[PDB]
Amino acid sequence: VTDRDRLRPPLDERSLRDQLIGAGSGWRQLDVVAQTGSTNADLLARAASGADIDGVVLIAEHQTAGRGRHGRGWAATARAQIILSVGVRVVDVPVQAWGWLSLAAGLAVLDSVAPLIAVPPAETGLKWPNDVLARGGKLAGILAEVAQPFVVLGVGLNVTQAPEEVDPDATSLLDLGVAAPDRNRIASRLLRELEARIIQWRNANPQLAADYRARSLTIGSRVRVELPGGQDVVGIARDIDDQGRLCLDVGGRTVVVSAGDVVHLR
């Protein structure tokens, strides 16, 4: 709606830099751009041209050619989301563990916005592998992409974004009852949470996996998983292994899925 535009002031880049760059913080660079095709693509391109993107933050007020998983997209309107990418050096960490970086990001996003809701409705938490859900709706999507020696982590978080503007299965903080969400405050908390989770991931801290499990909507639920290639597998999600893969119980058999789309069943 056009009235939501009144609920969408621009980000304050200088304030964000003052809060997030300096002693005690690992973020080295932060930029807010008015518009770009894809923040993930932009940081990947910087790394491809030789830039050190570790601890580099890129935030876009609007994103016109957003990327989703598996060649899919991501829709946005100006100032309605927190749209950002960060660079993470990962070569120091065993490749088998890189999948958990993606899970850690979702946890960070959830923790950054969870206290803003008055009362958390049902189906609020993390859906494997990259979904922040609230009231069954997709509140945020996360995309991790590889560019040696880095991983670029992308976050699209619906702040005031109306589902009619982007996707029927979407939701936003505003549509969850948050009357006046402050993107500046939320972005600051998000990046603070993200730094901590990245540090935990790098040092293989057991609390990362523990905190993820505590917020998982998928573990323990009957699920239909749509695998790359189109095949569906129905079972009950039981756990996440040390590679960040989803472990399914299929009639007593174990099926471990590295990638796919999860649908929570009755």
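Position 1 is the first residue in the sequence shown; the rest follow in order. Throughout, rigid core stands for the largest set of C-alpha atoms superposing within 1.5 Å between the two forms.
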Between 134 to 142 and 121 to 129, where do the CA atoms move more in 8 other deposited structures of this protein, taking the root mean square over the structures and residues after a core fit? 121 to 129
State which stretch shows the higher mean Cα B factor in the entry: 194 to 202 or 42 to 50. 42 to 50
Entry-level comparison of average CA B-factors, 80 to 88 and 147 to 155, reporting the higher stretch: 147 to 155
Listed options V93, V109, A170, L173: highest C-alpha B factor recorded at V93
Criterion, highest CA B-factor; candidates, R215, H62, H70, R222: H70
By the entry's values, the third containing the CA B factor of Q161 is the lowest
Looking at the entry's B-factor column for C-alpha atoms only, identify whether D241 ranks in the lowest, middle or highest third of its chain. highest
Quick check on the deposited entry: does the C-alpha B-factor of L11 sit in the lowest, middle or highest third of its chain? highest
Could you say whether, by C-alpha temperature factor, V262 belongs to the lowest, middle or highest third of its chain? lowest
Going by the CA temperature factor in the PDB record, which third of the chain does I21 belong to: lowest, middle or highest? highest
